[PDB]
Structures are given as structure tokens and as C-alpha cells.
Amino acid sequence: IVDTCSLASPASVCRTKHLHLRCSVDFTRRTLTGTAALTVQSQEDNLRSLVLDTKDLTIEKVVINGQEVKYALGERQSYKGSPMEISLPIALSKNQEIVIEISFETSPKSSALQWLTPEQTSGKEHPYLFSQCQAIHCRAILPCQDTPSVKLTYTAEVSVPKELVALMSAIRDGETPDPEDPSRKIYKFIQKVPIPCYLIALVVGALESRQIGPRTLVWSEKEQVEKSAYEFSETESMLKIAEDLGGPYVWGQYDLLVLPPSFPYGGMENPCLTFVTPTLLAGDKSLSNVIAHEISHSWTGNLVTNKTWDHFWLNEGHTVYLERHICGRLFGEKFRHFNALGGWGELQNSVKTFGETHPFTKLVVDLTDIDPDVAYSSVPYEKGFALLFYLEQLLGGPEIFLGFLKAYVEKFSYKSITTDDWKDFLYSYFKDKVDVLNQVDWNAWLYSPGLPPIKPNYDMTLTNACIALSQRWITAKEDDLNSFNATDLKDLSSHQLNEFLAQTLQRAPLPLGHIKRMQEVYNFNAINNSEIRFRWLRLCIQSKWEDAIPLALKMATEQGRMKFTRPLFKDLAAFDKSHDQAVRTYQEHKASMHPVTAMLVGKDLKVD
């Protein structure tokens, strides 16, 4: 097993046990400056040097046992960054530990970070910083073994402008004035559970908090706090169900932080402090599956971890599985099946997009010379979910399968594993059903591109109305348009309306008169739910309605969640009437976008 995304010494050579980070956030220079003290344990006899990951870091010195030591930065290897070799002052025996203190400064163009000016924030008076380390961006903040095969604890002390607040993926451990500068404050943090370094996270801004359950505060700028608190009020209930399914929650606190609109993801499962998009703020709790997902990662991903990024489906497929069980416990089994079948839809769309032979449609991927950000998609989520949901049905149902899941989490808690570790444990647990397991086409499911070789069984109860209405619009001729009316939607939930649009978007384009009639009768232009609006606006642009152009450009640029921004820009580039405006809008906004999203939209548009 090789981590082909890391340049560092592997876990077979040495392992980081602990990080003590001391740093200062400088908004004038857009740099984090500090010292990273790594406690490293040798796994070999006679260890005399090691190699760390870095990306666009300035190294001031390396100190061991109170003296400076020699080190060298290797040449840059594109998105992997530059290997940093450190010469140890004394040779280590196996299991010996030493502390290496590295003084460093980040680049303003750090791939991990977005720096926001006051005008980019809600409140308009203070700047803002946030990090996004997954997959391999920790190395763009601090030198490390930037591989999920290594887990460490951490403590940190962060100096900020005293008007601001810092938070991390860790338990808050107090705040004091910075004794070396009275315009600044030092915020302290402790992470006592070992974690892969991708889970390190930092935010600095004008943040306020509100308590929403016994172990949860929501944090955001003042303007978003009230709405956040209502939107995520199911959090404690979801935590209780997740503890039922996965075992104890070991992390102490489960806080939420609602980021600025440019956050690239729906959520990031940073331990103690999940980060979420403000595009979840629909006003009705309807997008709370994203919370159920991130909660679930407190078991699958954060406790049991993929050993390399080629086995990312372990993290994500299992988390989707748990997510859908949480939402199933809250709203019913028929709803679990509705969401499962929607996810198969998403998988169809991914596979169609990539093409059925594309190597990024395999469940287990080979990321040798591939930037993980470029590979990222819903495939590991939904092909991974599909595998588990197939297996559930093959092995005697959800209760039985959930017994496996809990046992799996107990077995591999605090470790990092591969697909073969998972499959061996599946065969062991289900030793009395090996004959059923040997019916699975494991080679196709794990290692072949395209749609999986078997589709699970799905209850259709809540899906049927969606399909029916979609088919009415698809088969409608001009003389049928008058028959449609706002009453068509009266018995559809918001999740059903979203699925009606998803079904219809799969058949897009529709005739432009159909799309005009849909606005006339349903007033989808008025709906602010981000999922619904995204789909509706894709429908409109693919169906070549020029009126939708400014609406889609607005949604593409006023938020940055990659799931919405990337396909809106690609649709707008594909419509000749909006093509030049899409490229120009991207160019104008690029410097103020998140660095990952900017890179990806530029790739998508063939721009730069």
C-alpha cells in the first residue's frame, strides 16, 4: 500500500504522534507565521533523517534539542508541493521519539486557505480566514506527513487581532491577551483524539455563537446566527441516533460553523467543529441531510479512516449509508428509500458526465499523478452507498447490516484502513453468509468503471408523484400547457419538488414554451432553496431561456459551493447567448474566489 499523494516518509519509517502549533494570523500580509513542533516516533532502527510534505511554505529554521539542524527543500512536484528532508542530530532506535520544531510562514496563495477582505464578509468591517485541508492541503499550512495513514493529537495557540475570534477542529481551551502584543488575542485549543492531518482546521473572523443543544453551539457572523440556529436545530436529535448506530460520540463537542458563501463544499467534517455552507439556509430544515452526513463522519472517516485517498469511498460510502439511516429514523423508511433512489440518479448523472469508461468512475481509484481535487466527485459517495445498500439487501436487511456497521466502526476505530481490510472484515463478520458474498461481482463493483453491475431494489412510494408530474411535462404538447396549474404541487414536499426538477433536468432541454409555462404556473423563480433553484436554473439555461442568464450568473458568483458553481458555469458556457458573459464573469471574480474552486472552474471553462 503506497500513498501516491504524499512525498513524506511513510508510516513504516516514522509516525507523527503529536503536533504543538503556535502561530499568528497576519491579515496585512495574508500569512500564517509560526512554529510547528512535531513529536515523531521512529518505526525503524538507526533513523537519521526523514521527509515531510510542504506546499508553498517558507521555512525559517528547524530546531531539535535546542539547536538548529540541517534540512533541504526538494524541487516542487506540481500539486504535491516540495519534500522537506530533515537531518536528525542523533540516530533513533525503533520507538524512540523526538520533537522537531519547524519555524515557517505560509504563502498568500496557500492552496489550503481563503483570505477575505471586509467587503467579502457579511458585516463589512472585519476580514476573515478559513482553511480547507482535505485532501492534501494541510501541507500548504504546515510541514507534515500529509497522509491519512498517520494520526496524531494536537494542541494549538493562535494569535489574532483582538477584535476577532479563532476556532479550530479541537476543544476550546481559553483565550488571553497576547502577552507580546496588546492589539492581539491568543486563543488556545486541544485535540486529545488522534486524527489524520486533513482534519486540522482553522477559522478567524468576527464570529458569534448560539447554543442549540447540550453539546452544540452554532457559530457564524452575527447576521447569520438566528437563521443558522433554527436551520440546524435537529443536530442533537441526529447525534443521538448516530450514537445508537455507531457507538459513543468520542469527540466532546459537536459545534457547527457556517462559513461565508465561498466555502467549496456542503460540509467538512472537522472534528469538534463541522463546517457548513450557508447555502443550507433554506428556512425550513430541508437540507439537514448534510448535517446528518457530517455527524456520521464522527465515526466513518474520523474514527475509521481511509489509509490512502485511493480508498476514499470507505470514508464516503459508509457516511452516506449512515446519513440515510439517520434521516430514515427521523422521517421513515420510505423516505430513506426516496433518498437512496435519488442518489442512484446522481450516480447516473456522474457516470454520464465522466463517461462510462472513465477511470474516475471506479470505486477504488488510482491517484498516481492526479490532483485529488480534480478527481473529486459524487462517485465514491453514491457508488459506495449503492454497494452497501446492495449488500444490505443481499444479507438480510438494514437491522443486520447495521450490526456489521457498528462492529466495523469498533474494529477499526483510531486506525486507517484499505478496501481489502474492509472486505476481509465483511467476510469475517458474515462468515455464515459467505456463499451469498461470493455471488458479488467484487471486481466490477470495486475496480470497473461505469454503473455498477447490479441496481439495488428501491421503494417507489414517494418517488412516483415526482415521476408522474415530470412525465406529464415531458410528454405535454403545446395544447396541453394550459392544463398545468399551481395545484399540481400542493401535495409535494420540498424534497419531492427537487426530485421532480431532477427527473425533468435529466431529459433537458425542454421546449422553451414549456419552461416559460412552468415559471408562469409554479413561480420557481421565487424559490430560494439552493438545491431547487440550482436545478431549475440548469433546466432554464439548458432549455435556452435567455431570461435565466442573469439569475444563473448571479447564483454562480454569489456563492461558491462547487456542486452549484461548477455546473452553472459549465451550462452558461455551453449556451451561446451566455458563453462570453460566463468567461468574463469568471475572469472578473477569479482573484476573489476560493483557490480550489477558481482552479476548477478555470479548467471547466478552458480559461487560463
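From 1 onward, residues are counted along the sequence shown.
**Q** Going by the B-factors listed in the PDB entry, is the mean over the C-alpha atoms higher for 382-390 or for 453-461?
**A** In the deposited entry, the stretch with the higher C-alpha B-factor mean is 453-461.
**Q** Mind pulling up the entry and telling me whether 202-210 or 353-361 has the higher mean Cα temperature factor?
**A** Taking the mean C-alpha B-factor of 202-210 and of 353-361, the larger value falls to 353-361.
**Q** Looking at the C-alpha B-factor values in the deposited entry, which of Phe263, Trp299, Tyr71, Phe524 comes out highest?
**A** Within the set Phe263, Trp299, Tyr71, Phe524, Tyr71 shows the top C-alpha B-factor.
**Q** Of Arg215, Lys109, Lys151, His337, which one's C-alpha B factor is largest in the deposited record?
**A** Top of the list by C-alpha B-factor: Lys109.
**Q** Sorting by Cα B-factor within the chain, modelled residues only, which third would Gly328 end up in: lowest, middle or highest?
**A** Middle third of the chain for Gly328's C-alpha B-factor.
**Q** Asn65: which third of its chain by C-alpha temperature factor?
**A** Ranked within chain, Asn65 CA B lands in the highest tercile.
**Q** Check where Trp545 lands among this chain's C-alpha B-factors and tell me if it's the lowest, middle or highest third.
**A** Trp545: CA B-factor falls in the middle third of its chain.
**Q** Based on the deposited C-alpha B factors for this chain, I'd like to know if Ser233 is in the lowest, middle or highest third.
**A** Answer is lowest: the recorded C-alpha B-factor places it there.
**Q** What third of its chain, lowest, middle or highest, does the C-alpha temperature factor of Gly267 fall into?
**A** Answer is lowest: the recorded C-alpha B-factor places it there.
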